[PDB]
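Protein chains in written order, with the authors' numbering: chain F, -5 to 14, 18 to 124; chain A, 2 to 124; chain C, 2 to 124. Note that the Cβ used here is the ideal one computed from N, Cα and C, for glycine as well. The structure appears right after this line, and notes come after that.
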Amino acid sequence: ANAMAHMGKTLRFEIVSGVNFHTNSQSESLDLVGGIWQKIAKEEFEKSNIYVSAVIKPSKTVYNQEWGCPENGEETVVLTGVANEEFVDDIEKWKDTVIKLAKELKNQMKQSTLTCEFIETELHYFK
Amino acid sequence: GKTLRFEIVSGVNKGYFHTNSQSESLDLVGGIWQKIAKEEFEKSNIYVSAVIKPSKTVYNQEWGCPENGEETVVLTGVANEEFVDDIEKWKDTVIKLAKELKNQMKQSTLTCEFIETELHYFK
Amino acid sequence: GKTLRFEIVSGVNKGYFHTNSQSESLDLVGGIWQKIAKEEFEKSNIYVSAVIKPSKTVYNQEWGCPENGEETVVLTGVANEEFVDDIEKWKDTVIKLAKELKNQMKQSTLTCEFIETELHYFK
């Protein structure tokens, strides 16, 4: 079959959020966060034509119990995405958009704190 | 000294493999990776191990994403200087395996990223 | 504006701890990390938080990997400039904790990687 491959230097983001909502499992909290992210990314895309996709992974975050962490860690989700040159024209505008969406997710999940990191990456995209 | 890690995201193609949970799809992808990595190692003598995580990938429903995201697996590995002599050959091998996984999982698109990393290996 | 993140991959040593699910092995590793980070913080005033993910690691069955991969946990953390003053001291502390985890989990081998990152922290 025919095939295409693109390679370029770009950025990926990674966000960590709590899961706060009456979910009963990591499978259920994955679906919860997935639905919320899908809605906020869609709203942004309608304004700017920039769609910020994310891969979401179940996790627990371990920190000092004296700052409120439960024993053995707090239930969290990790969201990761990339600026794919096929869909993204301007890396600075994309980065600004990711930061905006991170703050909105923090609000929707009613979180006190939230992290968002940018990491340099070499993206190969196969079709 | 620096080296490289790779990360791939793949779908699990329920339409074709008919897994019923994230536990089952994790095992499916784990077994497929094990087989393709072994086949490649027999050809090139380069064995590419991967750490695999369950996930869901959220994109625009108008491009076919299910509500709340598509079931996916994330595969991540590294060029460990204890086992790898030539980084360029390793990178070429990872790209080969990414394409093979895309084929085996019958995926329309697939991503493979390389990230610079400083590996400490304790034995 | 740059800092460092770490990522560790560890086995869960079913031979010794006998966990029955990925949920149970996540809590096991979580509790061990919490205790070793606390003990270190009391000595050095450096607290190393981690986000822990369930996973499997796929390698050659001829080196002892189970079919479809071995149950593992991935631990990832960052040097947050709001809490961390000296990156070299932090990195040394992470290495110490990685070795201690290797000991507590009775692992033959363990990896710890450092990756450059740009951290935004929202309060």
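Could you tell me the alpha carbon to alpha carbon distance between F:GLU71 and F:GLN105, rounded to whole angstroms? Near 18 angstroms, if we compare the C-alpha coordinates of F:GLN105 and F:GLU71.
Quick check: is the beta carbon of C:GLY78 nearer than 8 angstroms to any beta carbon in chain A? No, no contact with chain A.
Taking only beta carbons into account, state which residues of the region 46 to 76 of chain C come closer than 8 angstroms to chain A, listed in chain order. Residues passing the 8 angstroms Cβ filter: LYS54, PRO55, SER56, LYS57, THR58, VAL59, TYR60, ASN61, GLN62, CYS66, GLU68, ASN69, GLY70, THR73, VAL75.
Suppose you measure from the CA of A:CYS113 to the CA of C:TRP34; what does that come to, to the nearest Å? Taking the straight line joining both Cα atoms gives about 31 angstroms.
Distance between F:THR4 and F:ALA38 (C-alpha atoms, nearest Å): When rounded, the separation of the alpha-carbon atoms in F:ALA38 and F:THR4 is 20 angstroms.
Against chain F, with Cβ distances strictly below 8 angstroms, would A:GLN35 count as a contact? Output row for A:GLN35: interface = no.
Which value, in whole angstroms, describes the spacing of the CA atoms of A:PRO67 and C:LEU76? When rounded, the distance between both Cα atoms is 30 angstroms.
Could one say the Cβ of F:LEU5 lies closer than 8 angstroms to chain A's Cβ atoms, at least one of them? Residue contact with chain A for F:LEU5: absent (no Cβ-Cβ distance below 8 angstroms to any residue of chain A).
Check the C-beta distance from F:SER56 over to C:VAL30 and give it rounded, since I have them as a contact under 8 angstroms. The C-beta distance from F:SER56 to C:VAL30 rounds to 12 angstroms, too long to fall under 8 angstroms, and the pair is not in contact.
Cβ of C:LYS100 less than 8 angstroms from any chain F Cβ? No, because no Cβ of chain F sits closer than 8 angstroms to the Cβ of C:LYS100.
Does the distance between the C-beta of F:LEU111 and the nearest non-hydrogen atom of the ligand ATP fall short of 7 angstroms? For the ligand ATP, the structure offers nothing, since it holds no ligand at all.
Any beta carbon from chain F within less than 8 angstroms of C:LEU111's own beta carbon? Among the CB atoms of chain F, none fall inside 8 angstroms of the CB of C:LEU111.
Do you know how far the Cα of C:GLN23 is from the Cα of F:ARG6? The alpha-carbon atoms of F:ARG6 and C:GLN23 are separated by roughly 28 angstroms.
Contacting residues, own chain, Cβ-Cβ under 6 angstroms from A:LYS90 (five flanking each side not counted): Once the five neighbours on either side are set aside, A:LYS90 has no close Cβ partner at all.
Would you tell me roughly how many angstroms separate the C-alpha atoms of F:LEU98 and F:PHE18, rounded to the nearest one? Pairing F:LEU98 with F:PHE18, the inter-Cα distance amounts to about 20 angstroms.
Return the bridge partner residues of C:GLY70 from the DSSP annotation. For C:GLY70, which the question treats as bridged, DSSP gives no partner whatsoever.
Given C:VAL95 as reference, the closest of C:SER11, C:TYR60, C:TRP64, C:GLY78 once Cα atoms are compared: Proximity to C:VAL95 across C:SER11, C:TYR60, C:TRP64, C:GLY78 peaks at C:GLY78, based on C-alpha coordinates.
Any beta-carbon of chain C closer than 8 angstroms to the one on F:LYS103? Taking Cβ atoms only, chain C reaches closer than 8 angstroms to F:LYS103, which makes this a yes.
Does F:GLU40 pass the burial test, meaning 16 or more other C-beta atoms within 10 Å, or should it be called exposed? Exposed, because fewer than 16 other Cβ atoms sit within 10 Å of the Cβ of F:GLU40.
Which of helix, strand or coil does DSSP assign to F:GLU83? Looking at F:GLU83 - three-state DSSP - the assignment turns out to be coil, as it is neither helix nor strand.
Quick one, which of C:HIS121, C:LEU27, C:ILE116 has its alpha-carbon nearest F:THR73's? When only C-alpha atoms are compared, the closest one is C:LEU27.
Run through DSSP, which three-state label would F:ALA(-5) get? In the displayed model, F:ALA(-5) falls within coil according to three-state DSSP, outside both helix and strand.
Identify each residue in the region 18 to 29 of chain A for which the Cβ-Cβ distance to at least one residue of chain C is less than 7 angstroms, and report them in chain order. Close to chain C, meaning a Cβ-Cβ distance shorter than 7 angstroms, are the following residues of the region 18 to 29 of chain A: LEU27, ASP28.
Interface residues of chain F around A:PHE42 at Cβ under 8 angstroms? Within chain F, no residue comes near A:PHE42; the closest Cβ sits about 21 angstroms away, beyond 8 angstroms.
Determine the DSSP secondary structure at A:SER11, reduced to helix, strand or coil. When secondary structure is reduced to three states using DSSP, A:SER11 falls in the strand class.
Closest Cβ-Cβ distance between F:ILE88 and chain A: below 8 angstroms? In terms of beta-carbon proximity, F:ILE88 stays away from the interface with chain A, with every pair separated by 8 angstroms or more.
With 8 angstroms as the threshold, decide whether the Cβ of C:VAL10 is near any Cβ in chain A. Yes, contact with chain A.
Have a look at C:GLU117 and C:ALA80 and give me their C-alpha separation to the nearest angstrom. Taken atom to atom, the span from the alpha-carbon of C:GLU117 to that of C:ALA80 is near 10 angstroms.
At the level of alpha carbons, what is the spacing between A:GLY65 and F:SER50? When rounded, the distance between both Cα atoms is 13 angstroms.
Does any C-beta atom of chain A lie closer than 8 angstroms to the C-beta of F:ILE116? So yes, F:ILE116 belongs to the interface.
Examine chain C for any beta-carbon lying closer than 8 angstroms to the beta-carbon of A:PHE84, and answer yes or no. So, not an interface residue.
What number of angstroms, rounded off, separates the C-alpha of F:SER109 from the C-alpha of F:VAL59? Cα to Cα, F:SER109 sits roughly 16 angstroms from F:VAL59.
How about A:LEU120 and A:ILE9: do their beta carbons lie closer than 8 angstroms? No.
Would F:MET(-2) pass as a contact of F:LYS124 if the rule is Cβ separation under 8 angstroms? Yes; because the gap between Cβ atoms is below 8 angstroms, this pair is in contact.
Would you verify that the beta carbon of C:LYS97 is, or is not, closer than 8 angstroms to some beta carbon of chain F? No, its Cβ sits nowhere closer than 8 angstroms to a Cβ of chain F.
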